[PDB]
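>>> fold the following.
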Amino acid sequence: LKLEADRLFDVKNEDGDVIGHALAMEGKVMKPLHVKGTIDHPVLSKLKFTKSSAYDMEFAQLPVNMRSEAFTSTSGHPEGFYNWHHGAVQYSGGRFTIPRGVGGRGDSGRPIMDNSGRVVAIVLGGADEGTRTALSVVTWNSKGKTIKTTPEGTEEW
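Numbers count the residues shown, from 1 in each chain. Structure data below:
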């Protein structure tokens, strides 16, 4: 059996469709800015969100309590395979890549993470490079600063 904390939340549209996800990580609730909807959570949906347009990110501070049920980011990540909801992701030459036909609407927001459980990046969109989809993500470098990879022809999910 799998018992996993309160970290990934649904973001629904007007009639209720899941159009994206929001995550608890490093003391903040966060979600892609382009995802226009409401976080499906009684406490989280009422918080005041700060807009970070240069990274397609929108974040608010995790309530003192929820602070323990949260992910953790990680700077150092070599090439190789990673994990995500739909299976194995793939860091290769500075860009993550998943098979064609896997990514789609509602997949923006979910984390890509290692085997140790640290979040490497968060998904935003994808540009199809023939047989694999290159991912557009918010990732982070050695001295903290977050980077924002965006492939050519990326259509945000």
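>>> mind naming the longest strand for this protein?
As assigned by DSSP state E, the longest strand anywhere in the chain is strand 119-129.
>>> which strands or helices does it pack on?
strand 18-25, strand 28-32, strand 95-99, strand 111-113, strand 132-140, strand 155-156 (3 or more Cβ pairs under 8 Å, 6 or more residues apart in numbering; DSSP states H and E). (C-beta placed from N, C-alpha, C; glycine too.)
>>> need the next SSE after the second one, C-terminal direction.
Counting by DSSP states H and E, the element after strand 28-32 in chain order, helix or strand, is strand 38-39.
>>> and the fifth one, by the same measure?
Next helix or strand after strand 132-140 toward the C-terminus (DSSP H and E): strand 146-149.
>>> to residue 76, which of the helices and strands packed on strand 119-129 lies closest?
strand 132-140 (10.2 Å; Cβ to Cβ).
>>> could I get the closest one in PDB with only the CA atoms?
Only the C-alpha atoms of strand 132-140 are listed here, as PDB (Å, rounded to 0.1, in the frame of the first residue of the first chain):
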ATOM      1  CA  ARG A 132       9.600  12.300 -28.100                       C
ATOM      2  CA  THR A 133       8.200  15.500 -26.600                       C
ATOM      3  CA  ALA A 134      10.700  18.000 -25.300                       C
ATOM      4  CA  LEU A 135       9.300  19.500 -22.000                       C
ATOM      5  CA  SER A 136       9.100  23.100 -21.100                       C
ATOM      6  CA  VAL A 137       9.700  23.300 -17.300                       C
ATOM      7  CA  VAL A 138      10.700  25.500 -14.400                       C
ATOM      8  CA  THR A 139      13.900  24.000 -13.000                       C
ATOM      9  CA  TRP A 140      16.600  25.300 -10.700                       C
END
